[PDB]
Amino acid sequence: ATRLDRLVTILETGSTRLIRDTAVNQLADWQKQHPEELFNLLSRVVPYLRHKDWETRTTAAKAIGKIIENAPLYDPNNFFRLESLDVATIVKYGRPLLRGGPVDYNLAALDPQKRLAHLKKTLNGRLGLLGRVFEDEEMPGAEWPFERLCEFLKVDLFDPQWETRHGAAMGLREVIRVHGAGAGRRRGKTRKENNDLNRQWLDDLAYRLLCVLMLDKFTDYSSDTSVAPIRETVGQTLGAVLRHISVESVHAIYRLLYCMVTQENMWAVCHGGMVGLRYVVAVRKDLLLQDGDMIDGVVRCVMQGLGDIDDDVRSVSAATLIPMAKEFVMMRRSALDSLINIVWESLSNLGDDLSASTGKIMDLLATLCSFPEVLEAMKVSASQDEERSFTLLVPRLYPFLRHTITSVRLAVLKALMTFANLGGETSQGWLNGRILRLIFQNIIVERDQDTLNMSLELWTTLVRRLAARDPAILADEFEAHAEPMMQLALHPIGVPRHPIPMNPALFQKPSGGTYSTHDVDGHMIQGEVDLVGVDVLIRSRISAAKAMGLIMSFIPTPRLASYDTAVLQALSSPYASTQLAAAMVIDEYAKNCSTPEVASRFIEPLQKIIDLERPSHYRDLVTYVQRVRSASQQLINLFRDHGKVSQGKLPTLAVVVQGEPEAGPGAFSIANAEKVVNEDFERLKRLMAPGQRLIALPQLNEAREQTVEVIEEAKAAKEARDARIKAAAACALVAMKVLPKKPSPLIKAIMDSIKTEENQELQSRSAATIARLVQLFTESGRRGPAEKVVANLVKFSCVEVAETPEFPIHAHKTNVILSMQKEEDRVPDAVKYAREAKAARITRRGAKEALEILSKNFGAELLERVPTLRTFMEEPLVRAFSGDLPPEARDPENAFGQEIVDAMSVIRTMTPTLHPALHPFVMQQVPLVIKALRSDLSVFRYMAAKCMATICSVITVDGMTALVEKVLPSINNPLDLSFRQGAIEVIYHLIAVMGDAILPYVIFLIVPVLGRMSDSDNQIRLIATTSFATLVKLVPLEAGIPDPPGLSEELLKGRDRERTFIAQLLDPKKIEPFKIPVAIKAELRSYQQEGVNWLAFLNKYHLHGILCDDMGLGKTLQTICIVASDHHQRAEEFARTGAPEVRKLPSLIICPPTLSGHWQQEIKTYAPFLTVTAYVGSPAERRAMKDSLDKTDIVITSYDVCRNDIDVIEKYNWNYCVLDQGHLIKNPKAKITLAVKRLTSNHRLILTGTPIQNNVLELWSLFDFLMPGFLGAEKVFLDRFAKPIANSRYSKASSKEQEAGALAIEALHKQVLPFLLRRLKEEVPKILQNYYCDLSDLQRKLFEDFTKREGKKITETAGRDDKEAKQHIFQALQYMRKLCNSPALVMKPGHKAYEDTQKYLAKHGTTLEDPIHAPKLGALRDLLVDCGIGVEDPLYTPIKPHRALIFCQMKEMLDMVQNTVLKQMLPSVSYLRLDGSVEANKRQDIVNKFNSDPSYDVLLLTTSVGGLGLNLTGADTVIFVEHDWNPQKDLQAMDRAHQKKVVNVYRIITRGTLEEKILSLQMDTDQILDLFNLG
């Protein structure tokens, strides 16, 4: 179908959210550009409000919201009375609205308005306005635009089908939200007349809305989100009406809602009334706060609802009071004390498993407990009554600890925190072992990190407040729960596809019994490693050990005998997960003791783990070993079936594997499988015939390597467990200050974790340990092992090649910028190259954090306590950059080169976390790094730029001052290439390190960056252009940019040339006017001169952009202005300075071959002082001017002759280079695209009506011609922009991939926006215009042949005024006016020159119907592509801005226009044709489709049918191909067949013919005779 039908149908079948939301923005954009198509888009999304699917109704209601926002508000300068509403009659006599099964077919087939007129009679009865229950056998721009629509919605509010009532309520919500004020008004009345007419209409809707709250009994028990889907929604619609009605109408709605709550019960009427009151306080809280009578009644309603039996009534009641919980506490402290215990009463009846709706009750209690006033009034009631003591109330919060909503579980821990920080007299009846167990259970099973943090923070205060009383009391309350809680802290963790479930009987409910929108903690209690991340289970054992470690540090040691037996037993457990957790509990116990000697009884069991050998198997890794046996067996079974080997020679594998329970010492192990692939694969290969081996060995080698894959997979899995347990035991020893005599094995255990540990929390613990171990050694001599540890950390922070280059690999590179290589090289993908690179990133991550923690432990004493660090960072730079570079530093075999690289690698690794007292040491090294930026070796310049950028981001005062004073001023220097490459590179890495923090410092960066895009070195141009693109992306468009804090006041003074640039770049309306210095013959409009200001701004700062002005605004003139002015201005400065950058060079204008004459004509008209060469013609003609093109000011060239003669055109240098329809360059691989990019030009422009289509790669190719590096190379552009965009558009894409693809669209549009000048023709009388085209060779031949015969008699019959003489002259003019359109109109069989013409067409090898002989056909496709109509899915393609009418006089011409232009040339255009041949009945059909479906681009028709009174509205442009002798007969048929917008009228006229002469003349004999002369 059409675009609009396919675009709307996506609302139903949008597979992802991104695909559905993209369709609603297309419809919203379609309304924004074509505001008159409002009721064509709405009449297709409104039917989707009755859809049987929930999301389709939601999406369709969303589109109505977006489409209506793009409609102008309506200011024109049978109703219901809200007061006369009786609650008793409607509830009693009304129609209960239920889930609707019945469908009455007799009504369904009625006229859509007769169906509506019938439902408006039945409505008064169904509402109960009669004294009886109504039964359906009694009855078997002048005004508001949406008033006809709202009748269908207000009537469908009571349809038996609950799906229809759902969509009708959402539709009314979106219409009244944007357009609520104008409803009801009618043109022809004063403000006071339709202000109350609006009040009556809004009261009429509120009347109907309250009825739905009373009558709707529908309830969906399936989902826990919404219980009353219609009452929840129709109350949301009531909120949109409240923000538009008077204060008196609100107080009337308030009383009617008050009767529904305090019914003077019934669940539905009480709930629906509360829902309405919920939005009254959330929308009109201002009006509610003066009238104290409303404040009392709305609070009386909440309190009754808060004590109601049903849970859903208490939820909406609590959600009503939250927005004014602060406001109600202050104003009425008398009612404050009664509100507290009623809220507390609501939580008392609840069990442990709470519905998702009950979460709003907790939100109400949490906001009340955040006020000190409420906390005091509770203590007064606690000292007075026993039933309000904290022992009976607080445990009512425990069922909320494991609530389904994530935000509720955090609000409870924050609330329970408030009670622990309240009093000692107050909070001890509830603070016991019962709450300690629930919190410890919360630590094991909580998945959210913020909630797990508060659980540990509450566990600390709960333990410390209870240990302050007596350490024996704390140990008694927890002794009853200590035994099972230990089994959960030491519980093993499984492998993906091998979950180790926890015993659910070890979890006590708040009810007291054990476990034996639900299943909140079952995924983790089951231990699903795939469903919940492997790192989430690990950080739940870490949190367990940290909790269990703190509680043990307070219990007296003699009563910890049961705890030690559990952990000593766990150190020898067959589960590696348990041994790791066991050693971590000992660690956190020794950390929290006052002295480390208290825990010194664990020294011997832990030193066993370090010194003894590790077990060769673990029970948690049994799945890996079982997987190894399968591969080993299939490898052997293949040695039997595929290769013919006897069963007796085959080895036998054990059926049970090691680590399994009840596994003998002869079970299957990894060592057995290593013997199968290493020694039995060889032994069994000797037992094959040399003929059998040749056929079977292919598939055997494949089976062998698949086995080794799993073998090395299991061995790596076990060695990871050996390192985890050894490192955890060593860290606990370091906590007990265990400094061995021979510390090599202790240090190795901690180091092996820092090298290889995928998990960050386990690695960060080992980094913090090795940082304290360095401090413990330097605090007691032992500088031997202390300086070897720090030296390894420094070595490990340089292994990631992405951060620290390998010097011998790049040692030979000079005059190269490695920053460009690093990104143009990572776009390599091999499994064993990405695994080794992953190990390097892990090793650096650990070592970097160890030095970070080391720098914070020693503070400002880091360089005095650890003097080896100062040597690594300072010594190599002093040797190499104090004076001349030693020749040793250039050799890749010498280690000196890498020592210099590592030195600067450590500086940027530790500068951020360095104590501010060590910044002078870094500043001492700055003169050495600047010396490296100037170096000739590129790898030194690369690291110097990364290092300096980091230093400037930390020491923002002196670091920036050094860069602006010592580096930036010498980017101009044309003698030292190496310093320029280094200085632009430190700018590149400065923007990358700081990010959007670079904003205040962009002042100092902008001029060196801009000027470097105009540099002789190609690499500096590219990296400066990429830098400039990142700046445009990172600026705040709407806000200003502050000044650099703390810098010199004299640095910011002389930099005002750089502030006017940034101001003009953000806002294009602040561009300085440009007085054209050449004598141009033109009246420049407000926008034309404004557009020339934009082109001069680009020329001034060496920028390039696209001129996207809509057709008619005159893009050709604005370009001739700027190129004539530029040639003049650079003719003056070349006379002043003679610099090569302003030498005389010709400009180049590339256009489609049809527009070659159009440019040549308008330069002749507006700028007659510019000499023009037209390098277009036959290959023979082009070769004369081929060698002489620089001898003029402008050179015009077609895209076709630019490919064949590119070797000629690139031999020249060009000033300007304009592309008249530049979208032909969008193909990056096209030959025309590559030829245009081989040109050396100074200033570039692109002229298009459409800048981009659906693809983003089209946009890259255009911007790659303008500013080469602006979007990067093609491969780096396909990565950051094209890959995520294409992935989010996948039918089944991830929710992360959707936002990754949406952030890229938004970022790509921001980089390219300041370089596209897109001014609409309409927003900021119909315009006639002439489109000129040139005659063809055949037309000139046929005109000359006519005047040779007929021209003799034309002189006779010209001024006769005779009878048949005026008939001969007229039909002689008809022959010419037909020939001006197409030669095929006049060259028909029977003509005297037919046989001669066919010879001419044959000698040149063409046909008569060839479109090149009728230039009006070619001029029509160019006029259509300049209006965005024709281009060379409805979803991703943009909305076309115009629709056209195309008029012709003859039916034969329309066939050419149809079969040639719209079928061969522009096949993507949707069109309809209208002839007098078509039936007068069928022609009315397609005229309707043109006004009902706005996706018809063009309507072809002849001027005969246009005068038939048919009226069209969607037309925006009108084109005339053929013309009548009376030029107003064309004006009649146009207006007769046709306002808000402006209409563009185009006359296609061949220059030099009678068309240019007839249309000019507004008859004398000699003036008639001149119609037969060309020119």
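Values in this text are rule-based calculations from the coordinates and carry no lab data. Quick reminder, even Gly has a Cβ in these numbers, built from the backbone with ideal geometry, and neighbours come from all protein chains shown.
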Per-pair calculated FRET efficiency, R0 = 22 Å: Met923 and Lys1053 via Cβ, rounded to 0.05:
0.35
Just how many % of Cα pairs in region 3-69 lie over 16 Å apart, if you round to the nearest whole percent?
35
Of region 376-391, those with amide N under 15 Å from the point 7 Å along the Cα→Cβ vector of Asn341 are 377-391
Net +/- balance of residues flanking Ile1246 in space, Cβ distance below 13 Å, scoring K and R +1, D and E -1
+1
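Which value, to two decimals, describes the C-alpha radius of gyration of region 1127-1168 once divided by 2.2 N^0.38 Å? Spell out each step's value before the answer.
Details: Rg = 14.1 Å, N = 42, 2.2 N^0.38 = 9.1 Å.
Region 1127-1168 yields a ratio of 1.55.
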Taking only the Cα atoms of region 1216-1258, how large is their convex hull per residue, in Å³?
70
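Using the crude model of +1 on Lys and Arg Cβ and -1 on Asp and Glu Cβ, and no other charge, please compute the dipole size for the chain relative to its Cα centre, in debye to 20. Display every interim value, and only then the final one.
Numbers: 193 positive and 194 negative charges, 373 e Å.
In debye, rounded to 20, the chain gives about 1800.
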With the radius of gyration and the Kirkwood radius both derived from the Cα set of region 1504-1571, what is their ratio Rg to Rh?
1.06
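Provide the gained length on full extension for the span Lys742 to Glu824, in nm with one decimal, where the gain is 0.36 nm per separating residue minus the Cα-Cα distance. The partial results should precede the final answer.
Numbers: separation 82, 0.36 × 82 = 29.52 nm, distance 4.92 nm.
Taking 0.36 nm per residue and subtracting the Cα distance, the gain is 24.6 nm.
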At q = 0.11, 0.12, 0.15 1/Å the base-10 log of I(q)/I(0) from the Debye formula over the alpha-carbon atoms of region 748-1066 is -0.74, -0.88, -1.28
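Once the Cα gyration tensor of region 798-947 is diagonalised, what are the square roots of 5 times its eigenvalues, in whole Å and ordered largest first, as equivalent ellipsoid semi-axes?
Equivalent ellipsoid semi-axes, largest first: 25, 22, 13 Å.
Please work out whether region 432-612 counts as rounded, prolate or oblate from its C-alpha gyration tensor, where a ≥ b ≥ c are the square roots of the eigenvalues and a/c under 1.5 means rounded, while otherwise a/b larger than b/c means prolate and anything else oblate? Display every interim value, and only then the final one.
Values: a/c = 1.81, a/b = 1.16, b/c = 1.55.
It is oblate, given that a/c is not under 1.5 and a/b is not larger than b/c.
Based on the mean of other beta carbon atoms within 10 Å per residue, what is the order of 345-352, 541-548, most packed first? Don't skip to the answer; put the middle values down first.
Working: 345-352: 14.6, 541-548: 23.2.
The most tightly packed comes first, giving 541-548, 345-352.
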In µm²/s, what is D for region 199-256 at 25 °C and 0.890 mPa s, where D = kT/(6 pi eta Rh) by Stokes-Einstein and Rh is the Kirkwood radius from Cα pairs?
200
Of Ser882, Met548, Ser511, which is farthest along the charge dipole of the chain in the positive direction, counting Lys and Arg as +1 and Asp and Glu as -1 at C-beta?
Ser882
Starting at 0 and stepping by 5 Å, how many percent of the alpha carbon pairs of region 182-335 end up in each bin?
2, 9, 19, 20, 19, 13, 9, 5, 3, 1, 0
Could you name the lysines in cross-link range of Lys546, using Cα to Cα under 28 Å and dropping any fewer than eight places away on the same chain?
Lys414, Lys509, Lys591, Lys608, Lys718, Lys726, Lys737, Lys748, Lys755, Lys848, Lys856
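Compute the orientation-averaged projected area for region 564-684 from the convex hull of its Cα atoms and round it to one decimal in nm².
9.5
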Would you mind computing, in nm to one decimal, how far apart the modelled labels at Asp535 and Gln1484 are, each placed 7 Å from Cα along Cα→Cβ?
7.1
Below 16 Å, Cα to Cα, which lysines can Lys1100 reach? Residues fewer than 8 away in the same chain don't count.
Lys1070, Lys1075
Each label sits 7 Å from Cα toward the beta-carbon; between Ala1300 and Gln699 the label points are separated, in nm, by 3.9
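How big is the convex hull of the Cα atoms of region 1028-1164, per residue, in Å³?
Details: hull volume 24.1 nm³, N = 137.
Spread over its residues, the Cα hull of region 1028-1164 gives 176 Å³ apiece.
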Alpha-carbon gyration tensor eigenvalues x 5, square-rooted, for region 962-1016, Å
19, 11, 10
q = 0.08, 0.19, 0.20 Å⁻¹: log10 I(q)/I(0) that the Debye formula gives for region 75-245, counting C-alpha atoms only:
-0.26, -1.36, -1.45
In µm²/s, what is D for region 620-738 at 37 °C and 0.692 mPa s, where D = kT/(6 pi eta Rh) by Stokes-Einstein and Rh is the Kirkwood radius from Cα pairs?
204
Bins of 10 Å, starting at 0 and running to the largest distance - Cα pair percent for region 1068-1278
8, 34, 38, 18, 2, 0
Under 5 Å from the placed amide H of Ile1548, counting only residues 5+ away or on other chains, we find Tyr1331, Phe1520
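Within a Cβ distance under 14 Å of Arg1289, other residues only, what is the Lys/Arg minus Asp/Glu net charge? It would help to have the intermediate numbers written out before the result.
Numbers: positive: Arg17, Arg20, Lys1283, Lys1292; negative: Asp21, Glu1297, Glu1299, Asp1433.
After counting each charged neighbour, the total is 0.
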Rounded to 5, percent antiparallel among DSSP beta bridges of the chain:
10
Nearest-0.05 FRET efficiency for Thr595 and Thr391 at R0 = 41 Å, using Cβ-Cβ distance, is 0.65
Tell me the net charge near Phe1061. Cut-off is 13 Å between Cβ atoms, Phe1061 excluded, with +1 for each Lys or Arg and -1 for each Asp or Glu.
+1
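Sorted by packing (mean other beta-carbon atoms within 10 Å per residue), highest first, where do 371-382, 1434-1445 land?
Numbers: 371-382: 15.5, 1434-1445: 19.4.
The peptides rank, most packed first, as 1434-1445, 371-382.
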What does region 1330-1558 give for Rg and for Dmax, in Å, if only its C-alpha atoms count?
19.2, 65
Kindly provide the pair-distance distribution of region 1115-1230 built from C-alpha pairs, with 10 Å bins from 0 and whole-percent values in order of increasing distance.
13, 45, 33, 9, 0
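Using the Kirkwood formula over every pair of different C-alpha atoms, what hydrodynamic radius in Å results for the chain? Could the numbers behind the result be given before it?
Details: mean 1/r = 0.0244 Å⁻¹.
Kirkwood hydrodynamic radius for the chain: 41.1 Å.
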If I model a spin label at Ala142 and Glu12 as a point 7 Å from the Cα along the Cα→Cβ vector, what separation in nanometres do I get?
3.5
